Each structure stands twice: as structure tokens, then as C-alpha cells.
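Colleague: I have a structure here, written as C-alpha cells, and I will follow up with some questions on it.
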Amino acid sequence: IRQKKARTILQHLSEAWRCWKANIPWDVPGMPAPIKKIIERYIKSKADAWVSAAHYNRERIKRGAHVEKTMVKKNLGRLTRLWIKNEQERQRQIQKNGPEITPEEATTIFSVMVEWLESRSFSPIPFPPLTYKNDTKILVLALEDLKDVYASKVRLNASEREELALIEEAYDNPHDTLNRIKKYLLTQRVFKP
Amino acid sequence: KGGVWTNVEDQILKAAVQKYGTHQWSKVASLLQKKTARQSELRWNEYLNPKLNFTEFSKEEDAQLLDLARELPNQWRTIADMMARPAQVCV
Amino acid sequence: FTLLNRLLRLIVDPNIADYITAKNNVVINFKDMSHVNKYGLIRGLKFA
Amino acid sequence: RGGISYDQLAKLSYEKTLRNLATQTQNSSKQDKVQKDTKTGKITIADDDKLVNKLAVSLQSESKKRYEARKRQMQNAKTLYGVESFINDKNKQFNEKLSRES
Amino acid sequence: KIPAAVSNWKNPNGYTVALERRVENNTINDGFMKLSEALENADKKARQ
Amino acid sequence: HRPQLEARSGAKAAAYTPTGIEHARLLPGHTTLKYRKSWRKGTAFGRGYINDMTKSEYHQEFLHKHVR
Amino acid sequence: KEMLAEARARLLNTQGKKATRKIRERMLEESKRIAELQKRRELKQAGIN
Amino acid sequence: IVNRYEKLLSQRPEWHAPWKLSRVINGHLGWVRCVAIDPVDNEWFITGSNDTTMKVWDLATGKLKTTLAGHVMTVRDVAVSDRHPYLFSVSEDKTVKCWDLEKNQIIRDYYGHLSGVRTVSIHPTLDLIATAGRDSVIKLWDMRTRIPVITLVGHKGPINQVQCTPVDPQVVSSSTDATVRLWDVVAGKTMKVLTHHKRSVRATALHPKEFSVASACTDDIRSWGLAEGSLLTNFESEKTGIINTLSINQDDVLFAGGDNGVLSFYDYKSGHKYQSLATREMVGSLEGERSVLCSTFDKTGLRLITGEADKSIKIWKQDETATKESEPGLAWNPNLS
RNA sequence: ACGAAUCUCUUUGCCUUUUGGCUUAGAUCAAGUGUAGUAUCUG
RNA sequence: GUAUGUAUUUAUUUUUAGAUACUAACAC
């Protein structure tokens with residue numbers, strides 16, 4: 001067989017590349033092993049060339065000599081991909097390996113901090129009981145500081161439109177928004193991406 | 001204003017993911033009005049996806065759970081991976 | 001984070017400490033790429 | 001179990017046509033050279049007009065039969081599987097290939 | 001036999017295909033369990 | 001209506017008639033060959049080639065720097 | 001029911017802007033052929049060829 | 001036909017010595033596609049790469065002399081000249097670049113391929129070049145004036161490997177249509193065709209003496225007499241596929257590089273395989289990356305140089321102990337074909 | 001009784017209209033707005 | 001303040017109100 005399996009196998013190539021950019025492992029549920037050897041080979045090759053082009057263009061921009069308008073954008077893209085790959089690598093290796101610090105060093109550290117915080121006779125910061133004197137003020141500050149990002153904008157995006165909208169309601173009912181806020185502080189331990 | 005999920009919209013989303021794949025969400029919110037990408041993708045990963053585990057909890061599931069929740073102070077993304085479950089189900 | 005929770009326990013009530021500690025474990029998304037953040041600090045949080 | 005190499009298959013088809021031919025001969029029994037020019041090397045072979053027409057009719061007939069049977073598999077093929085959602089015929093057919101891949 | 005190739009990214013002809021054509025084992029490390037334990041102990045020692 | 005499935009045989013170009021345009025890079029150049037012949041104590045503490053691009057050391061140096 | 005009907009409409013069509021255009025343009029061309037043919041048949045019915 | 005099989009049991013061929021691994025040289029960033037050796041002094045290599053460079057390694061110590069950049073894409077082939085101080089490199093960028101070894105700078109560019117050019121061979125006595133690639137034609141370049149003097153239409157697919165010979169057929173070529181053509185250039189048409197290969201003929205080599213060629217394919221490495229164009233011999237090969245390269249020592253040893261990483265050495269006379277090795281991949285490599293892209297022998301023929309897909313060059317030396325104590329290889333059993 | 005042929009149906013084999021490229025996922029993301037030409041829904 | 005594309009054969013070859021609408025180099 002040729003052409004059917006031609007187009008199919010080359011599609012598998014492209015898909016394996018995309019999955020290599022995305023750091024997704026790319027197993028095909030079934031597929032003859034030797035072909036998988038080959039495609040893994042070529043995609044490793046293309047990967048190395050791609051990375052090396054990213055380094056080279058970056059160190060060409062650091063000197064700042066005739067880089068095209070787009071090459072800056074594209075190079076940025078390749079660098080962010082690479083950086084996230086380094087991150088995920090570090091995290092996985094921490095799972096397999098286990099935490100770096102060691103129990104000894106950790107115990108010493110915690111002891112140090114405790115010794116200090118007694119040396120300074122420090123009181124652990126309480127939780128902000130309602131009827132806190134400054135609650136409404138600290139609200140006003142925080143809400144203003146979020147508001148300012150929007151304020152110096154000629155035109156506003158919908159997500160931005162939402163961000164500015166949520167605060168405005170916020171002004172109307174501080175007491176409720178405090179209830180919700182502190183309720184989140186207690187209940188919610190799982191957050192959005 | 002932020003909406004909850006009718007079975008209509010939910011179904012349309014499932015058929016959409018079936019056609020367009022996971023990664024094109026902004027095309028999923030094209031079909032589905034009143035909703036955003038982040039909302040779509042968010043729900044598909046959190047709830048709708050069939051690969052997710054919604055099931056009863058064995059006597060071992062609970063033991064392993066309590067074990068982890070004691071071992072790892074609050075981190076419910078990590079633990080969720082350890083249990084292969086959506087997080088807020090685990091919490 | 002195992003350490004952070006404890007060193008924040010010293011300074012702050014365990015509620016806020018646990019909160020902050022959990023807030024740093026979140027799925028991070030760029031386009032396709034996504035990964036849980038299992039280890040380091042996220043410097044973009046307002047209280048980072 | 002299993003596949004068949006393009007040789008064995010070729011042999012089998014040859015045998016099949018031999019049987020068919022032998023049956024034409026028996027039923028025909030029931031109902032009842034080489035010259036090369038000196039000028040050019042062109043060879044000429046005496047032929048019976050019968051059996052040549054019988055040959056053409058055999059080929060045409062078998063082509064008709066094959067075309068028809070495949071056509072019926074066309075018909076049933078699309079009418080059998082209505083389970084999953086499909087936009088067009090070609091989709092349904094592709095997904096039946098995915099059923100073959102299992 | 002080469003399987004069919006079905007991608008998350010592109011579906012150019014508009015073929016709609018089953019979710020399962022679209023769509024971990026290892027346990028947590030030993031070292032982390034020890035590290036968490038020491039702190040639970042250290043605080044207890046600290047408390048006294 | 002996309003990709004190559006083949007390449008163009010030079011054989012075709014071999015049968016065409018020449019145009020005779022004069023290019024810049026075929027102007028004569030290199031026209032001749034060459035032939036060969038107490039304070040210290042009080043403190044709390046203190047008293048290789050992988051083949052791959054991403055997991056090398058230079059790379060983690062690189063991204064460790066340019067990403068700040 | 002409206003957005004569901006519309007979803008049902010978009011999910012069933014993969015034609016594309018160029019492809020839809022070439023289908024309909026081919027329809028136009030075939031129509032033109034049919035027209036010229038039946039012209040010639042009518043003029044033939046009057047004897048002019 | 002048994003008579004032939006008896007006549008295979010009389011000969012008991014040609015003892016040789018085994019090979020082993022002398023030296024490993026890392027230092028390319030990408031794969032190593034091609035290798036050629038200074039035909040006079042044996043002082044160095046020029047090695048292509050998949051990173052576009054070419055790195056001139058010293059043969060003696062393995063140190064790196066210099067780097068020649070200048071191609072924008074991978075370099076499929078490199079060939080150094082005898083009579084001239086020139087180095088012709090050629091790549092996937094559609095271009096055949098000359099190199100003046102004296103000043104180490106590109107002298108000439110030859111132009112006119114439609115697409116990537118995978119082979120250069122330097123005609124021994126004529127001051128010509130022969131280039132070929134996915135064009136599916138062989139271009140005979142006049143070295144001085146950069147004029148593609150002759151074009152050889154022929155193979156129905158890409159052309160992998162090309163060689164040059166002083167007498168008739170002056171160009172031998174091998175293509176993915178699974179043929180090997182023996183060309184007559186003056187008339188500009190095929191003198192002889194050799195069709196016996198079943199799939200793409202991906203490698204050839206000229207015997208430095210006997211005036212014959214060794215052709216390869218997936219599983220079957222044959223030989224061919226030039227002149228008449230007869231078959232000469234076959235070589236015993238079970239599946240070794242894929243054979244990327246061949247090289248012929250002056251002692252009548254025929255090397256065969258595998259894509260499975262196996263190094264299959266043969267006697268050239270017989271067809272017998274006296275040794276098979278397996279390379280070690282590398283520290284962090286993949287089991288897929290173990291293969292042999294190119295190879296050659298020095299002018300002596302007592303060393304072997306193989307570029308591998310693991311980004312390393314390896315230098316294989318012939319054992320001096322050997323003899324009959326325990327050399328003996330697979331020991332000549334001619335199975336039925 | 002089995003050998004032989006035609007028609008019909010089921011199972012296996014063969015795949016038949018059964019996803020044809022690269023780049024920074026190639027980039028981006030909604031009430032959007034007034035009026036106007038023309039289609040048509042009801043008493 | 002649309003590339004671009006198609007066609008442009010004349011001179012005679014032997015036998016009752018409006019709602020939902022689509023769109024508009026037309027008005028921020």
C-alpha cells in the first residue's frame with residue numbers, strides 16, 4: 001500500500017509535531033513500533049533545528065541589528081513555548097524526584113523563623129472580623145487600584161468591560177461584597193486557570 | 001448575568017467539541033451564544049468531559065483521600081491529579 | 001508550598017495561610033500548553 | 001488467518017476460471033495454427049470466431065456481476081449504520097472505516 | 001496496519017468523529033511524605 | 001489541492017527552447033582553475049553531557065536568563 | 001430552539017467560501033450549456049442549423 | 001541447478017579481521033549527513049551536517065580544525081577533489097557550492113537545479129562535476145565556466161547516489177525508481193540499465209580496484225560489474241533494512257550501514273558477512289536515533305568513519321590480534337535463496 | 001447418492017465517494033449601532 | 001475610494017398595521 005497510507009502517515013507526522021510543541025506526549029493507541037521510531041527521530045531533528053533557530057535569532061536581537069518586524073514576534077513565540085517546557089519539566093522532575101530542600105534544612109529554617117518572631121514578640125495576624133473598623137476603606141482602596149487599569153483606556157475590551165462593570169456594582173453594596181469575599185476566603189480552595 | 005448551563009447549550013457544546021476538537025474554543029462560543037471561550041473550555045474540562053471520573057467513593061478512595069489531604073496541605077489541583085478526579089468533586 | 005503553609009501559619013491565621021498556599025496551585029494555560037503549577041510562586045497574584 | 005499474498009490469490013482466480021470454463025465445455029457437450037510470413041516476421045494464428053465471442057461475453061458478464069454485488073454492498077452499507085451523528089455520506093463512510101480499524 | 005489519523009487541532013473536511021477519537025499512574029514521591037511529616041512534628045515541637 | 005505528492009522532473013525543462021537572458025551571476029568570475037601538485041559561627045547554616053536540546057545545561061542557562 | 005437550529009445548520013455544512021462558490025458557478029455553467037443546446041434544437045426545428 | 005550450489009561449497013572465502021570502536025567524536029549540533037576525506041594526505045575529514053555547517057576534523061587526533069558555514073539548509077553531500085585544491089559541497093537549498101581550500105571561501109556557485117541536490121561526484125580526469133537530486137536528472141557541470149554542459153534525462157524518480165568513472169560508463173546513478181543506470185555521456189543516453197533491485201537504491205560505492213560497483217537496497221546488497229554491466233555477485237543479507245551507505249576498503253571489505261544501527265561488514269569477493277555490530281546510541285539519545293547516515297574509509301583503508309544520526313562521528317579501527325585463533329565470523333553457510 | 005451450473009441470502013478477505021502542506025494554535029473576537037431598498041405573517 | 005473573471009458575430013461556403021428579516025465603500 002502507498003497513497004492512502006502515505007497521506008495518513010504524513011498526517012501522523014504533523015500531529016506528532018503539534019503535540020511536541022504542546023508538550024503533549026503523543027501516543028497513538030496502536031501503530032507499528034518501527035514507524036513510531038522513525039517519526040520520533042525526524043521530529044526530534046526538526047525540534048533541534050527549531051530551538052537552535054530560536055537561540056540564534058534571540059542573540060541576534062540582543063545586539064539589535066536588523067531584525068524584521070515579525071521575526072521579533074515569532075521569536076517571542078518560540079521563546080515562550082520553550083520557557084513553558086522548561087517549567088513543566090522542572091515540575092515533573094519534582095514529582096518523580098521529590099522536594100529538593102530536605103527535612104533537615106526545612107526544620108532549621110522553620111526554627112530560625114520561630115526564634116525571630118519570638119525575639120520580636122510578634123502577634124499572628126488575625127482574620128478580618130466583620131465590623132472591622134477599616135473594612136470599607138480598604139475596600140475602596142483595592143477597588144480603586146483595580147479600576148485604574150481600565151481608566152486610562154481609550155477603547156475597552158468585553159472582558160475589560162466585565163472587569164470595569166463588576167467593580168461598579170461593587171461600589172453600590174460593600175457590605176454584601178465583604179460577605180462574599182470572606183466567604184470565599186473560607187470556602188474556596190480551588191481556583192480558575 | 002453570568003449563566004448556568006441548560007441541557008440545550010450543554011449538548012450543543014458537546015457536539016461542537018466533537019466536530020472542532022478541544023483547542024478551538026473560540027469556535028465553540030460561536031455556536032453557543034451568551035457564553036465565552038474560557039467559560040466553554042472551563043466547563044468541558046471541569047464537568048462535561050466524559051473521560052472525567054464521576055463515581056461513588058470506595059472505602060479505599062476515602063482512605064487515600066484523607067491520607068493525601070493530610071499529607072499535602074491545601075492543594076487540590078495536585079491531589080486531584082493523584083486521584084484522577086475533578087477537583088471540586090474531591091473537595 | 002509545604003513549607004509556605006507553615007511559615008504563613010506563624011505569621012497569619014491558618015485560614016488565610018491555607019488560602020494563599022492553595023491559590024498558587026492553579027492550571028496555567030498558554031494556547032495549547034497547559035500545566036498545573038506544582039512548585040514555585042506565581043508572581044502575578046496581587047499579594048505575591 | 002488471514003490475508004492472502006497477491007500470488008496465491010492470482011492462482012486461485014486462475015483455478016476458478018478453469019472450473020467455470022470446464023463447465024461451459026461440459027454443458028456444451030450436453031447440448032450436443034502458426035503461419036509466419038517470410039517477408040515480415042508477423043505471425044498469424046487461425047481462430048474460431050466462436051469462443052472469442054464466448055470470451056468477450058464471459059468478461060463482460062463477470063464485470064457486470066462484480067459491479068452489481070459491490071453496488072449492493074453500497075446500498076446496505078449506508079442503510080445499516082445510523083447510530084452516530086453525521087454531516088454527509090462521506091463522513092458516515094469514514095466513521096465506518098473507523099469501525100473497521102477497531 | 002497504519003491507523004487512521006484524527007487530530008485535535010484540524011478537521012478540514014468537517015468530519016464529525018466520536019469524542020474518544022478526540023478526547024497517569026505514578027504515586028507521589030517518598031521524599032515529600034517525609035518533608036511534610038517533619039513540619040507537622042516541628043510545629044508540635046514548636047508549640048510546646 | 002495541497003501538498004507536493006511529486007516533484008517537477010528536470011526532463012521537462014530539458015526539452016524547452018532557450019531564452020538567452022543574461023544573468024548577473026553568470027558573468028565571468030574566477031576564470032582560472034588551480035591545479036594541485038566568632039562572627040562566622042553564629043549563623044544558622046554552613047559550618048556531564050546529555051544529548052538533547054531542551055535538557056542540556058546551556059539551554060537552561062539561556063532561558064534562565066532571557067526570560068528574567 | 002433558535003440557536004439550536006442554527007447550531008444544527010452550521011455543524012452540517014463544511015462547504016467553505018470558495019468551494020460553495022465553485023459548486024454554484026458550475027451550476028451556472030451547466031445551465032448556460034443547456035440553454036445553448038436547446039437554442040440549437042429549436043432553430044433546428046425551423047430548419048436553420 | 002544444484003550444480004551451482006556445489007560450486008558455492010568449494011570456495012571457502014577470504015578470511016579477514018573484525019572491526020571495533022576506536023574513537024567517538026561529538027561536536028555537531030544536528031545530524032551528520034555526509035563525510036569525505038582528504039584524498040591526498042589523510043590529514044582530515046570534511047563532514048556535512050544537518051545544522052548547515054561543515055566541520056573539518058583532524059583524522060589523527062580527532063580535533064576540530066575549522067568550520068565552514070555558507071549553506072542555509074542541510075548539507076546532503078560533500079566531495080573533495082584530487083587534482084584540485086577544491087571542495088564541492090551541496091545541499092537541500094538547490095545549490096552546489098565550490099570551496100577553495102587555500103583561502104576557505106566560496107568561489108563558485110552552480111545554478112539550475114529545480115530542487116534539493118543530494119549528490120556530488122567529481123569526475124576523475126575531466127574537470128567536471130556531476131550533481132543530482134530530486135530533479136530526477138543528472139547535471140554535468142563544467143567546473144570552470146559554471147555551465148551545466150550536459151543533462152542526463154532518465155530515472156523516473158529522485159536520484160540518490162551518483163559516481164564517476166574514467167572509461168565507459170562515466171556516470172553511474174541510482175534512483176528511487178529502484179534502478180541503476182550506466183550512462184554514456186557523450187551521446188547523452190543510457191548505456192545500460194540494471195533493474196534487479198526491488199526498491200529504492202539508496203547507496204552505491206565504487207571498488208577502488210576491480211572496476212565494479214556495489215549497489216544497495218532495503219534488504220539486498222548486490223554488486224555489479226561495469227563494462228559489460230553484468231551482475232557479478234550478491235551479498236547474503238537477511239533483513240538489514242534499511243541500508244543507508246556502503247564503502248569499500250582497498251582490502252576488498254564492503255561496509256554496510258544500517259538504519260537499525262547494525263554495522264554489517266562483508267567480504268567483497270564472496271558475498272559472505274563476516275561481522276555484524278551494533279552501535280551504542282548515546283547518553284541521552286533515543287533508540288530511534290541510532291543509525292548510520294554515512295561512511296568512508298581513509299586512503300589506507302585501515303580506518304572507518306561513520307557519521308551517525310545521534311550527532312556523533314565514530315571511528316572504527318581494525319583489530320590487530322585476530323588471525324585464526326578467534327576471528328571466525330558467521331562462517332559461510334549458503335542458505336537457499 | 002455425490003460431481004456440475006444459475007439465482008438468493010449470511011460470515012471472513014479486499015475498501016471501494018472512507019479527512020491532501022508550512023508559519024507567531026497563522027493573528028484576532030460582539031449586545032455592536034440609525035436609517036433605507038426588497039421578501040411575508042396576520043386581522 | 002475591490003482586485004479579478006466570463007461574454008460581447010457585423011459582412012449569408014454549393015446537398016389595515018407593522019414583527020421577525022437579508023443585505024448598505026452610508027453615518028461614530
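To be explicit about the labels: the chains of the C-alpha cells are called A, B, and onward in the order shown, and within each one the residues are counted from 1, while ligands get numbers from 1 in the order they are shown.
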Hey, what does DSSP flag as helix (DSSP H, G or I) within chain B? Can you give it to me as a count of residues only?
Modeller: 56
Colleague: Please check the contacts: residues of chain E at most 6 Å away from chain B, using only C-alpha atoms, listed as a PyMOL selection string.
Modeller: chain E and resi 8+16+19
Colleague: Quick one: write out the picked residues with N, CA, C and O atoms as a PDB file, in the first residue's frame?
Modeller:
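Output below, filename result-v3.pdb:
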ATOM      1  N   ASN E   8      -6.724  16.672  17.121  1.00  0.00           N
ATOM      2  CA  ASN E   8      -7.497  17.655  17.864  1.00  0.00           C
ATOM      3  C   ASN E   8      -7.469  18.985  17.112  1.00  0.00           C
ATOM      4  O   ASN E   8      -8.472  19.696  17.037  1.00  0.00           O
ATOM      5  N   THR E  16     -17.226  14.767  11.554  1.00  0.00           N
ATOM      6  CA  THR E  16     -17.563  14.706  12.957  1.00  0.00           C
ATOM      7  C   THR E  16     -17.260  13.293  13.460  1.00  0.00           C
ATOM      8  O   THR E  16     -17.778  12.305  12.936  1.00  0.00           O
ATOM      9  N   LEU E  19     -16.091  11.243  20.434  1.00  0.00           N
ATOM     10  CA  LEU E  19     -15.317  12.018  21.414  1.00  0.00           C
ATOM     11  C   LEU E  19     -14.027  11.318  21.804  1.00  0.00           C
ATOM     12  O   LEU E  19     -12.996  11.961  22.052  1.00  0.00           O
TER      13      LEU E  19
END
Colleague: Identify, on the basis of only C-alpha atoms (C1' of nucleotides), every residue whose closest approach to residue 98 (chain D) does not exceed 12 Å; exclude the query and any residue fewer than 4 positions from it along the same chain; express the result as a list in words.
Modeller: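 Listed by chain and then number, they are residues 91, 92, 93, 94 and 102 of chain D; 2, 3, 4, 5, 6, 15, 16, 17, 18, 20 and 21 of chain E; 18 and 19 of chain I.
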Colleague: With a cut-off of 10 Å and counting only C-alpha atoms (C1' of nucleotides), select all residues of chain C in contact with chain I and give the selection as number ranges by chain.
Modeller: C: 30-33
Colleague: For the residues in that selection, give me C-alpha atoms as an mmCIF file, in the first residue's frame.
Modeller:
data_model
loop_
_atom_site.group_PDB
_atom_site.id
_atom_site.type_symbol
_atom_site.label_atom_id
_atom_site.label_comp_id
_atom_site.auth_asym_id
_atom_site.auth_seq_id
_atom_site.Cartn_x
_atom_site.Cartn_y
_atom_site.Cartn_z
ATOM 1 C CA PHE C 30 -0.920 29.338 27.157
ATOM 2 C CA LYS C 31 -2.763 28.391 23.978
ATOM 3 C CA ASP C 32 -2.391 24.630 23.747
ATOM 4 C CA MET C 33 0.158 24.227 26.533
#
Colleague: Which chain A residues have any atom within 7 Å of an atom of chain I, and for each, what is the nearest pair of atoms with distance in Å to one decimal, counting only C-alpha atoms (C1' of nucleotides), rows sorted by chain and number, as CSV?
Modeller:
residue,atom,partner,partner_atom,distance
A:7,CA,I:20,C1',6.8
A:73,CA,I:24,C1',6.1
A:74,CA,I:24,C1',4.2
A:77,CA,I:24,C1',5.3
Colleague: Please produce an output containing C-alpha atoms for each residue in the selection, written as a PDB file, in the first residue's frame.
Modeller:
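Output file part_4.pdb is given in full below:
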ATOM      1  CA  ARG A   7      -1.299  10.706   3.318  1.00  0.00           C
ATOM      2  CA  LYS A  73       7.056  38.477  17.341  1.00  0.00           C
ATOM      3  CA  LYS A  74       7.738  34.947  16.116  1.00  0.00           C
ATOM      4  CA  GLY A  77       6.511  32.947  20.475  1.00  0.00           C
TER       5      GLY A  77
END
Colleague: Which residues, written as a ChimeraX atom specification, have at least one atom at most 10 Å from region 47-60 of chain D, with only C-alpha atoms (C1' of nucleotides) counted and residues fewer than 3 positions away on the same chain left out?
Modeller: /D:17,20-21,24,33,44,63-65
Colleague: Rank nothing, just name the residue among I:35, I:28, I:17, I:42 nearest to chain D, using only C-alpha atoms (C1' of nucleotides).
Modeller: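 Under the stated criterion, the closest residue is I:17.
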Colleague: So that each row is one residue of chain B with an atom at most 12 Å from chain I, can you give its shortest atom pair and the distance in Å to one decimal, using only C-alpha atoms (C1' of nucleotides), rows by chain and rising number, as CSV?
Modeller:
residue,atom,partner,partner_atom,distance
B:21,CA,I:25,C1',11.9
B:22,CA,I:25,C1',11.0
B:23,CA,I:25,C1',7.4
B:24,CA,I:25,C1',7.9
B:25,CA,I:25,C1',10.7
B:26,CA,I:29,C1',7.7
B:27,CA,I:29,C1',9.9
B:29,CA,I:29,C1',10.0
B:30,CA,I:29,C1',9.5
B:33,CA,I:30,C1',10.5
B:34,CA,I:31,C1',9.5
B:35,CA,I:30,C1',11.4
B:36,CA,I:29,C1',9.9
B:37,CA,I:29,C1',9.8
Colleague: Considering only C-alpha atoms (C1' of nucleotides), tabulate each residue of chain J that lies at most 12 Å from chain G along with its nearest interatomic pair and the corresponding distance in Å to one decimal; arrange the rows by chain and ascending residue number and present them as a Markdown table.
Modeller:
| residue | atom | partner | partner_atom | distance |
| --- | --- | --- | --- | --- |
| J:5 | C1' | G:25 | CA | 11.8 |
| J:6 | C1' | G:29 | CA | 10.1 |
| J:7 | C1' | G:32 | CA | 11.6 |
| J:12 | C1' | G:48 | CA | 11.7 |
Colleague: Quote the spacing between CA of residue 47 (chain H) and CA of residue 59 (chain A) in Å to one decimal place.
Modeller: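 Going from CA of residue 47 (chain H) over to CA of residue 59 (chain A) covers 26.3 Å.
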Colleague: With chain B as the partner and 10 Å as the cut-off, tabulate the residues of chain G that qualify, each row holding the nearest pair of atoms and their distance in Å to one decimal, using only C-alpha atoms, sorted by chain and rising number, as JSON lines.
Modeller:
{"residue": "G:1", "atom": "CA", "partner": "B:8", "partner_atom": "CA", "distance": 8.4}
{"residue": "G:3", "atom": "CA", "partner": "B:32", "partner_atom": "CA", "distance": 7.4}
{"residue": "G:4", "atom": "CA", "partner": "B:12", "partner_atom": "CA", "distance": 7.1}
{"residue": "G:6", "atom": "CA", "partner": "B:31", "partner_atom": "CA", "distance": 7.7}
{"residue": "G:7", "atom": "CA", "partner": "B:31", "partner_atom": "CA", "distance": 5.5}
{"residue": "G:8", "atom": "CA", "partner": "B:12", "partner_atom": "CA", "distance": 8.5}
{"residue": "G:9", "atom": "CA", "partner": "B:31", "partner_atom": "CA", "distance": 9.8}
{"residue": "G:10", "atom": "CA", "partner": "B:31", "partner_atom": "CA", "distance": 7.8}
{"residue": "G:11", "atom": "CA", "partner": "B:19", "partner_atom": "CA", "distance": 7.5}
{"residue": "G:12", "atom": "CA", "partner": "B:19", "partner_atom": "CA", "distance": 9.9}
